[PDB]
Amino acid sequence: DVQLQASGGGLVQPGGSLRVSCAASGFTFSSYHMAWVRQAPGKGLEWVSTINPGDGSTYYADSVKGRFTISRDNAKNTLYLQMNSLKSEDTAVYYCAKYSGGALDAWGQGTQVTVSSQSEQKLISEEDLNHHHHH
């Protein structure tokens with residue numbers, strides 16, 4: 001009936017910030033209930049945050065109320081989340097789903113989010129510079 005897709009996972013450091021999103025297709029956010037779930041190596045998925053259309057009543061998994069930020073657009077069909085104050089916990093796969101009782105079903109694709117340290121490598125071997133050249 002309703003299928004959604006999530007992505008935008010990146011590599012951050014313990015205490016950074018990651019902006020992930022989930023483009024749904026089938027209904028409107030400012031009318032239906034949605035949430036952001038996560039699944040670490042294996043696990044069984046966990047509802048991190050849930051947003052309510054209209055007033056704005058927000059609910060979290062408690063251990064993420066002051067960790068992740070669940071927000072969305074009333075006219076764009078998308079679910080965004082801010083991954084701040086990491087602690088090797090955010091490292092998992094997040095999905096977006098509609099609320100229908102007290103648990104999420106998760107129909108998203110699966111955004112791979114990971115947290116590490118000293119991973120600024122990118123391989124250049126040609127001086128990245130900054131703006132000392134514009135061809």
# chains A, B, ... in the order shown; residues from 1 in each chain; ligands from 1

call {"tool": "residues_around", "arguments": {"residues": "segment 43-49 of chain A", "least_positions_apart": "2", "cutoff": "8 Å", "atoms": "only C-alpha atoms", "output": "list in words"}}
result
residues 35, 36, 37, 38, 39, 40, 41, 51, 58, 59, 60, 61, 64, 65, 68, 69, 70, 103 and 104 of chain A

call {"tool": "write_last_selection", "arguments": {"atoms": "N, CA, C and O atoms", "output": "CSV table (one decimal), in the first residue's frame"}}
result
chain,number,residue,atom,x,y,z
A,35,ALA,N,7.7,8.2,11.5
A,35,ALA,CA,8.8,8.0,12.5
A,35,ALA,C,10.1,7.6,11.9
A,35,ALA,O,10.1,7.1,10.8
A,36,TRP,N,11.1,7.7,12.7
A,36,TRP,CA,12.5,7.3,12.3
A,36,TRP,C,13.0,6.2,13.1
A,36,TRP,O,13.2,6.3,14.3
A,37,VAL,N,13.2,5.0,12.5
A,37,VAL,CA,13.6,3.8,13.2
A,37,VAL,C,15.1,3.5,12.9
A,37,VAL,O,15.6,4.1,11.9
A,38,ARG,N,15.7,2.7,13.6
A,38,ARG,CA,17.1,2.3,13.4
A,38,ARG,C,17.4,0.8,13.8
A,38,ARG,O,16.7,0.3,14.6
A,39,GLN,N,18.4,0.3,13.1
A,39,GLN,CA,18.8,-1.1,13.3
A,39,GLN,C,20.3,-1.3,13.2
A,39,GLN,O,20.8,-1.4,12.2
A,40,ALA,N,20.9,-1.5,14.4
A,40,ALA,CA,22.3,-1.8,14.5
A,40,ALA,C,22.6,-3.2,14.0
A,40,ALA,O,21.7,-4.0,13.8
A,41,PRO,N,23.9,-3.6,13.7
A,41,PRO,CA,24.3,-4.9,13.3
A,41,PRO,C,23.3,-6.0,13.8
A,41,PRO,O,23.5,-6.5,14.9
A,51,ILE,N,6.8,12.0,14.8
A,51,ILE,CA,6.3,13.3,14.7
A,51,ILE,C,4.8,13.3,14.5
A,51,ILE,O,4.3,12.4,13.7
A,58,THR,N,5.6,15.8,19.8
A,58,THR,CA,6.7,14.9,19.4
A,58,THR,C,7.0,13.9,20.5
A,58,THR,O,6.9,14.2,21.7
A,59,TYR,N,7.3,12.7,20.1
A,59,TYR,CA,7.7,11.6,21.0
A,59,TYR,C,8.9,10.9,20.5
A,59,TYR,O,9.2,10.7,19.3
A,60,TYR,N,9.8,10.5,21.5
A,60,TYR,CA,11.1,9.9,21.2
A,60,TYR,C,11.2,8.6,22.0
A,60,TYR,O,10.4,8.3,22.9
A,61,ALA,N,12.2,7.8,21.6
A,61,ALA,CA,12.5,6.5,22.3
A,61,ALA,C,13.2,6.8,23.7
A,61,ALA,O,13.7,5.9,24.3
A,64,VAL,N,16.8,9.1,23.0
A,64,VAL,CA,17.1,9.8,21.8
A,64,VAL,C,16.4,11.1,21.7
A,64,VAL,O,16.5,11.9,20.7
A,65,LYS,N,15.6,11.4,22.8
A,65,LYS,CA,14.9,12.7,22.8
A,65,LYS,C,15.8,13.9,22.7
A,65,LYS,O,15.5,14.8,21.9
A,68,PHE,N,18.6,12.7,18.7
A,68,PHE,CA,18.2,12.9,17.3
A,68,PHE,C,17.1,13.8,17.2
A,68,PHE,O,16.3,14.0,18.2
A,69,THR,N,16.9,14.5,16.1
A,69,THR,CA,15.9,15.4,15.8
A,69,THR,C,15.0,15.0,14.6
A,69,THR,O,15.5,14.9,13.5
A,70,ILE,N,13.7,14.7,14.9
A,70,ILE,CA,12.8,14.3,13.8
A,70,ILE,C,12.0,15.5,13.3
A,70,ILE,O,11.2,16.1,14.1
A,103,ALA,N,4.1,0.8,17.2
A,103,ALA,CA,5.3,0.3,16.7
A,103,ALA,C,5.4,0.7,15.2
A,103,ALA,O,4.4,0.9,14.5
A,104,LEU,N,6.6,0.7,14.7
A,104,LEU,CA,6.9,1.0,13.3
A,104,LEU,C,7.0,-0.3,12.4
A,104,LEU,O,7.5,-1.3,12.9

call {"tool": "select_by_dssp", "arguments": {"residues": "chain A", "states": "strand (DSSP E or B)", "output": "JSON, numbers by chain"}}
result
{"A": [3, 4, 5, 6, 7, 11, 12, 17, 18, 19, 20, 21, 22, 23, 24, 25, 34, 35, 36, 37, 38, 39, 46, 47, 48, 49, 50, 51, 58, 59, 60, 68, 69, 70, 71, 72, 79, 80, 81, 82, 83, 84, 92, 93, 94, 95, 96, 97, 98, 99, 104, 111, 112, 113, 114, 115]}

call {"tool": "closest_residue", "arguments": {"among": "A:17, A:31, A:130, A:121", "to": "residue 87 of chain A", "atoms": "only C-alpha atoms"}}
result
A:17

call {"tool": "atom_distance", "arguments": {"atom1": "atom CA of residue 82 of chain A", "atom2": "atom CA of residue 106 of chain A"}}
result
18.5 Å

call {"tool": "residues_around", "arguments": {"residues": "residue 78 of chain A", "least_positions_apart": "5", "cutoff": "12 Å", "atoms": "only C-alpha atoms", "output": "PyMOL selection string"}}
result
chain A and resi 4-7+20-30+32+34-36+70-73+95-98+108
